[PDB]
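Worksheet for the structure shown next.
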Amino acid sequence: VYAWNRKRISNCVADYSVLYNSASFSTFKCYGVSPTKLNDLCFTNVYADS
Amino acid sequence: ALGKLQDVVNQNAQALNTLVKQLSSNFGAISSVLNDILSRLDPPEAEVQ
């Protein structure tokens with residue numbers, strides 16, 4: 001956590017349907033955006049902090 | 001000499017400009033454009049903004 005890894009996602013298409021439809025996630029909270037709208041949105045970049 | 005007229009005109013335009021520029025203010029909302037909020041946030045969340 002103190003050294004949380006960061007990855008960049010750019011120049012690609014991601015199908016988020018499999019993401020929020022998965023039951024393996026205990027907590028799934030979106031702020032400023034809806035999980036379903038992701039498939040219908042385009043973003044300049046995405047930062048994944050794990 | 002025509003200022004009395006020109007002045008008036010400017011004021012009118014000025015107001016409109018201000019009014020139009022008020023379209024680009026957040027007023028505390030996440031964004032100043034309704035379309036972005038509608039496309040991103042669900043109605044339960046979007047309605048407050």
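The way I read the labels, and the way they are meant: chains A, B, ... in the order of the structure tokens, residue 1 as the first residue of every chain, and ligand 1 as the first ligand shown, with later ones counted on from there.
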Each residue of chain A with at least one atom at most 8 Å from chain B should appear once, together with its nearest atom pair and the corresponding distance in Å (one decimal); atoms considered: only C-alpha atoms; ordering: chain, then increasing residue number; output as a tab-separated table.
```
residue	atom	partner	partner_atom	distance
A:32	CA	B:41	CA	6.0
A:33	CA	B:40	CA	4.2
A:34	CA	B:41	CA	5.1
A:37	CA	B:40	CA	6.2
A:38	CA	B:40	CA	7.9
A:41	CA	B:39	CA	7.8
```
| All strand (DSSP E or B) positions in stretch 3-49 of chain A, as a PyMOL selection string | chain A and resi 6-9+46-49
Create the file for the chosen residues now, containing N, CA and C atoms and written as a CSV table (one decimal), in the first residue's frame.
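again.csv, written as the output of this step:
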```
chain,number,residue,atom,x,y,z
A,6,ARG,N,1.6,1.4,-9.9
A,6,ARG,CA,0.8,2.2,-10.9
A,6,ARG,C,1.1,1.7,-12.3
A,7,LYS,N,0.0,1.5,-13.1
A,7,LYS,CA,0.1,1.2,-14.5
A,7,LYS,C,-0.7,2.1,-15.3
A,8,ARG,N,-0.3,2.3,-16.5
A,8,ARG,CA,-0.9,3.2,-17.5
A,8,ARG,C,-1.6,2.4,-18.6
A,9,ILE,N,-2.9,2.8,-18.9
A,9,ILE,CA,-3.6,2.2,-19.9
A,9,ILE,C,-4.0,3.3,-20.9
A,46,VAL,N,-5.9,6.0,-18.6
A,46,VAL,CA,-6.4,5.4,-17.4
A,46,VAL,C,-5.2,5.1,-16.5
A,47,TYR,N,-5.2,5.3,-15.2
A,47,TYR,CA,-4.2,5.0,-14.3
A,47,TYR,C,-4.8,3.9,-13.3
A,48,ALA,N,-4.2,2.8,-13.3
A,48,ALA,CA,-4.6,1.7,-12.4
A,48,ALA,C,-3.6,1.6,-11.3
A,49,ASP,N,-4.1,2.0,-10.1
A,49,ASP,CA,-3.3,1.9,-8.8
A,49,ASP,C,-3.7,0.7,-8.1
```
| query | Which residues in chain A does DSSP call alpha helix (DSSP H)? List them as a PyMOL selection string. | reply | chain A and resi 17-20
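Reported to one decimal place, the separation of atom CA of residue A:28 from atom CA of residue B:44 is 16.5 Å.
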| said: List as a PyMOL selection string the protein and nucleic acid residues near residue B:33, meaning an atom at most 12 Å away when only C-alpha atoms are counted, but skip any in the same chain fewer than 6 places from it. | reply: chain B and resi 22-27+39-40+46+49
Would you export the selected residues with C-alpha atoms as a PDB file, in the first residue's frame, please?
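Written file, selection33.pdb:
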```pdb
ATOM      1  CA  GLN B  22     -22.118  31.736 -16.494  1.00  0.00           C
ATOM      2  CA  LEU B  23     -22.760  28.592 -18.538  1.00  0.00           C
ATOM      3  CA  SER B  24     -19.133  27.598 -17.867  1.00  0.00           C
ATOM      4  CA  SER B  25     -19.210  27.840 -14.051  1.00  0.00           C
ATOM      5  CA  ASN B  26     -19.294  24.755 -11.841  1.00  0.00           C
ATOM      6  CA  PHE B  27     -21.310  26.250  -8.961  1.00  0.00           C
ATOM      7  CA  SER B  39     -23.110  10.433 -19.551  1.00  0.00           C
ATOM      8  CA  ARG B  40     -20.915   9.678 -16.516  1.00  0.00           C
ATOM      9  CA  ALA B  46     -26.179  12.948 -11.207  1.00  0.00           C
ATOM     10  CA  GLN B  49     -24.906  17.995  -9.312  1.00  0.00           C
TER      11      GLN B  49
END
```
| remark: Computed gap from atom CA of residue A:44 to atom CA of residue B:20 is 28.1 Å
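Near stretch 18-25 of chain A, within 9 Å and counting only C-alpha atoms, sit residues 15, 28, 35 and 36 of chain A, not including residues fewer than 3 positions from it in the same chain.
We find atom CA of residue A:3 and atom CA of residue A:27 to be spaced 21.6 Å apart.
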